[PDB]
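K.L.:
Just passing along the structure, written as structure tokens.
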Amino acid sequence: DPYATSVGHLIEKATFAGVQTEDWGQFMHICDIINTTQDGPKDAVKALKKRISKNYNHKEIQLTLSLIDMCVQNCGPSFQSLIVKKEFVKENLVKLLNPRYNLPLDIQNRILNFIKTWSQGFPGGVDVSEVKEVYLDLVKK
């Protein structure tokens with residue numbers, strides 16, 4: 001279970017349906033944990049993947065994306081490499097752009113924006129070949 005792991009639980013709570021705003025103090029604490037534990041990055045992405053997947057909640061997705069954008073720029077490629085994997089962007093993030101989830105243009109453009117930004121590559125390893133194509137498709141159609 002994703003929300004079971006130490007850092008997994010902090011994520012479940014930081015993006016809980018209840019909260020109506022971003023607890024940036026908490027998100028930071030989350031990143032620091034991601035950077036301390038041995039498998040924090042992997043375990044974190046499993047929880048984020050959960051929270052995101054086929055979710056119809058506005059704020060949960062809004063908060064989760066904000067939480068993602070945080071880790072992306074506060075944790076090395078050890079994290080960035082798992083978020084740009086096709087298993088995440090194509091089978092989770094981009095799914096939300098489907099009409100079925102009727103999410104607002106606000107959140108929609110934010111999704112495209114991550115794709116476009118992550119497609120720009122990050123410093124160091126991180127292979128963005130996949131998300132690079134996931135972006136191109138959103139542009140073509």
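Chain lettering (A, B, ...) mirrors the order of the structure tokens, residue numbering begins at 1 for each chain separately, and ligand numbering begins at 1 in order of display.
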Applying 8 Å and only C-alpha atoms, which residues near residue 2 of chain A remain after dropping the ones on its own chain fewer than 2 positions away? List them as a ChimeraX atom specification.
P.N.:
/A:4-5,8-9,43,46-47,50
K.L.:
With N, CA and C atoms retained, export the selected residues as a PDB file, in the first residue's frame.
P.N.:
```pdb
ATOM      1  N   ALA A   4       0.996   3.807   3.109  1.00  0.00           N
ATOM      2  CA  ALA A   4       1.492   3.092   4.283  1.00  0.00           C
ATOM      3  C   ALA A   4       2.892   3.540   4.681  1.00  0.00           C
ATOM      4  N   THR A   5       3.770   3.642   3.682  1.00  0.00           N
ATOM      5  CA  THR A   5       5.161   4.059   3.852  1.00  0.00           C
ATOM      6  C   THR A   5       5.277   5.386   4.609  1.00  0.00           C
ATOM      7  N   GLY A   8       4.960   8.076   2.430  1.00  0.00           N
ATOM      8  CA  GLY A   8       3.701   7.882   1.738  1.00  0.00           C
ATOM      9  C   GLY A   8       2.551   8.461   2.535  1.00  0.00           C
ATOM     10  N   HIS A   9       2.611   8.293   3.849  1.00  0.00           N
ATOM     11  CA  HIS A   9       1.556   8.808   4.701  1.00  0.00           C
ATOM     12  C   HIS A   9       1.535  10.330   4.722  1.00  0.00           C
ATOM     13  N   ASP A  43       9.195   5.394  -3.198  1.00  0.00           N
ATOM     14  CA  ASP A  43       8.026   5.284  -2.338  1.00  0.00           C
ATOM     15  C   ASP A  43       7.113   6.493  -2.451  1.00  0.00           C
ATOM     16  N   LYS A  46       5.104   6.339  -5.667  1.00  0.00           N
ATOM     17  CA  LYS A  46       4.022   5.354  -5.638  1.00  0.00           C
ATOM     18  C   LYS A  46       2.784   5.957  -4.996  1.00  0.00           C
ATOM     19  N   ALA A  47       2.991   6.801  -3.989  1.00  0.00           N
ATOM     20  CA  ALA A  47       1.879   7.459  -3.312  1.00  0.00           C
ATOM     21  C   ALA A  47       1.291   8.543  -4.221  1.00  0.00           C
ATOM     22  N   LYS A  50      -0.811   7.201  -6.812  1.00  0.00           N
ATOM     23  CA  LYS A  50      -2.114   6.829  -6.270  1.00  0.00           C
ATOM     24  C   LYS A  50      -3.049   8.035  -6.204  1.00  0.00           C
TER      25      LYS A  50
END
```
K.L.:
Can you pull out the residues contacting residue 75 of chain A? Cut-off 12 Å, using only C-alpha atoms, and skip same-chain residues under 2 positions away; I want them as a list in words.
P.N.:
residues 28, 30, 31, 32, 33, 34, 35, 36, 37, 40, 41, 42, 44, 68, 69, 70, 71, 72, 73, 77, 78, 79, 80, 81, 82, 83, 122 and 123 of chain A
K.L.:
Write out as a PyMOL selection string the residues lying within 9 Å of residue 132 of chain A, counting only C-alpha atoms and excluding same-chain residues fewer than 6 positions away.
P.N.:
chain A and resi 84+115-116+118-121
K.L.:
Show me, as a PDB file with N, CA, C and O atoms, in the first residue's frame, the residues that have an atom within 8 Å of residue 48 of chain A when counting only C-alpha atoms, minus same-chain residues fewer than 3 positions from it.
P.N.:
```
ATOM      1  N   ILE A  11       2.297  12.245   2.408  1.00  0.00           N
ATOM      2  CA  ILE A  11       1.741  12.703   1.157  1.00  0.00           C
ATOM      3  C   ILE A  11       0.226  12.549   1.168  1.00  0.00           C
ATOM      4  O   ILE A  11      -0.495  13.461   0.766  1.00  0.00           O
ATOM      5  N   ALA A  44       7.724   7.653  -2.645  1.00  0.00           N
ATOM      6  CA  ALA A  44       6.967   8.879  -2.780  1.00  0.00           C
ATOM      7  C   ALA A  44       6.172   8.801  -4.071  1.00  0.00           C
ATOM      8  O   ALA A  44       4.960   8.982  -4.059  1.00  0.00           O
ATOM      9  N   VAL A  45       6.841   8.521  -5.184  1.00  0.00           N
ATOM     10  CA  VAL A  45       6.130   8.447  -6.445  1.00  0.00           C
ATOM     11  C   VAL A  45       4.993   7.423  -6.438  1.00  0.00           C
ATOM     12  O   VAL A  45       4.005   7.624  -7.131  1.00  0.00           O
ATOM     13  N   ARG A  51      -2.691   9.011  -5.384  1.00  0.00           N
ATOM     14  CA  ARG A  51      -3.473  10.219  -5.231  1.00  0.00           C
ATOM     15  C   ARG A  51      -3.958  10.778  -6.575  1.00  0.00           C
ATOM     16  O   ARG A  51      -5.121  11.146  -6.720  1.00  0.00           O
ATOM     17  N   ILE A  52      -3.071  10.817  -7.563  1.00  0.00           N
ATOM     18  CA  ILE A  52      -3.398  11.340  -8.889  1.00  0.00           C
ATOM     19  C   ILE A  52      -4.358  10.474  -9.703  1.00  0.00           C
ATOM     20  O   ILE A  52      -5.426  10.937 -10.094  1.00  0.00           O
ATOM     21  N   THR A  64      -1.839  18.080  -5.213  1.00  0.00           N
ATOM     22  CA  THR A  64      -0.855  17.093  -5.599  1.00  0.00           C
ATOM     23  C   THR A  64       0.107  17.630  -6.642  1.00  0.00           C
ATOM     24  O   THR A  64       1.320  17.475  -6.501  1.00  0.00           O
ATOM     25  N   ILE A  68       4.036  17.952  -6.425  1.00  0.00           N
ATOM     26  CA  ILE A  68       4.938  17.354  -7.389  1.00  0.00           C
ATOM     27  C   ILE A  68       5.954  18.383  -7.821  1.00  0.00           C
ATOM     28  O   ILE A  68       7.164  18.171  -7.712  1.00  0.00           O
TER      29      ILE A  68
END
```
K.L.:
Considering only C-alpha atoms, return as an MDAnalysis selection string whatever protein or nucleic-acid residues lie within 9 Å of segment 95-101 of chain A, sequence-local ones (same chain, fewer than 4 positions apart) excluded.
P.N.:
chainID A and resid 52:57 89:91 107:108 111:112
K.L.:
Kindly export the residues of the current selection with N, CA and C atoms, as a PDB file, in the first residue's frame.
P.N.:
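What ended up in again30.pdb:
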```
ATOM      1  N   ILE A  52      -3.071  10.817  -7.563  1.00  0.00           N
ATOM      2  CA  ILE A  52      -3.398  11.340  -8.889  1.00  0.00           C
ATOM      3  C   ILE A  52      -4.358  10.474  -9.703  1.00  0.00           C
ATOM      4  N   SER A  53      -3.972   9.226  -9.958  1.00  0.00           N
ATOM      5  CA  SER A  53      -4.769   8.312 -10.774  1.00  0.00           C
ATOM      6  C   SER A  53      -6.291   8.430 -10.703  1.00  0.00           C
ATOM      7  N   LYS A  54      -6.905   8.555 -11.883  1.00  0.00           N
ATOM      8  CA  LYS A  54      -8.353   8.653 -12.048  1.00  0.00           C
ATOM      9  C   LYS A  54      -9.052   9.357 -10.892  1.00  0.00           C
ATOM     10  N   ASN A  55      -8.481  10.460 -10.424  1.00  0.00           N
ATOM     11  CA  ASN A  55      -9.066  11.201  -9.317  1.00  0.00           C
ATOM     12  C   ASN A  55      -9.985  12.312  -9.827  1.00  0.00           C
ATOM     13  N   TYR A  56     -11.184  12.418  -9.263  1.00  0.00           N
ATOM     14  CA  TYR A  56     -12.130  13.447  -9.700  1.00  0.00           C
ATOM     15  C   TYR A  56     -12.162  14.676  -8.804  1.00  0.00           C
ATOM     16  N   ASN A  57     -11.315  14.692  -7.789  1.00  0.00           N
ATOM     17  CA  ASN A  57     -11.300  15.810  -6.877  1.00  0.00           C
ATOM     18  C   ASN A  57     -10.447  16.960  -7.396  1.00  0.00           C
ATOM     19  N   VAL A  89       3.570   9.745 -16.435  1.00  0.00           N
ATOM     20  CA  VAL A  89       2.940  10.794 -17.214  1.00  0.00           C
ATOM     21  C   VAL A  89       1.844  10.306 -18.156  1.00  0.00           C
ATOM     22  N   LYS A  90       2.132   9.274 -18.937  1.00  0.00           N
ATOM     23  CA  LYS A  90       1.149   8.792 -19.898  1.00  0.00           C
ATOM     24  C   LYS A  90      -0.009   8.018 -19.291  1.00  0.00           C
ATOM     25  N   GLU A  91       0.271   7.220 -18.271  1.00  0.00           N
ATOM     26  CA  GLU A  91      -0.774   6.407 -17.672  1.00  0.00           C
ATOM     27  C   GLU A  91      -1.401   7.023 -16.439  1.00  0.00           C
ATOM     28  N   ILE A 107      -6.371  23.728 -14.150  1.00  0.00           N
ATOM     29  CA  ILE A 107      -5.628  22.504 -13.913  1.00  0.00           C
ATOM     30  C   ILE A 107      -5.178  21.824 -15.195  1.00  0.00           C
ATOM     31  N   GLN A 108      -5.954  21.955 -16.264  1.00  0.00           N
ATOM     32  CA  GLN A 108      -5.567  21.351 -17.528  1.00  0.00           C
ATOM     33  C   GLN A 108      -4.270  21.946 -18.048  1.00  0.00           C
ATOM     34  N   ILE A 111      -1.199  20.889 -16.236  1.00  0.00           N
ATOM     35  CA  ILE A 111      -0.710  19.561 -16.627  1.00  0.00           C
ATOM     36  C   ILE A 111       0.170  19.699 -17.890  1.00  0.00           C
ATOM     37  N   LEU A 112      -0.350  20.348 -18.927  1.00  0.00           N
ATOM     38  CA  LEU A 112       0.411  20.529 -20.153  1.00  0.00           C
ATOM     39  C   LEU A 112       1.720  21.219 -19.850  1.00  0.00           C
TER      40      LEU A 112
END
```
K.L.:
Considering only C-alpha atoms, state which residue in the set A:141, A:67, A:87, A:130 is at the smallest distance from residue 25 of chain A.
P.N.:
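Result for the nearest residue to residue 25 of chain A: A:67.
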K.L.:
Which value, in Å to one decimal, gives the distance between atom CA of residue 105 of chain A and atom CA of residue 15 of chain A?
P.N.:
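Computing the Euclidean distance for atom CA of residue 105 of chain A and atom CA of residue 15 of chain A yields 20.3 Å.
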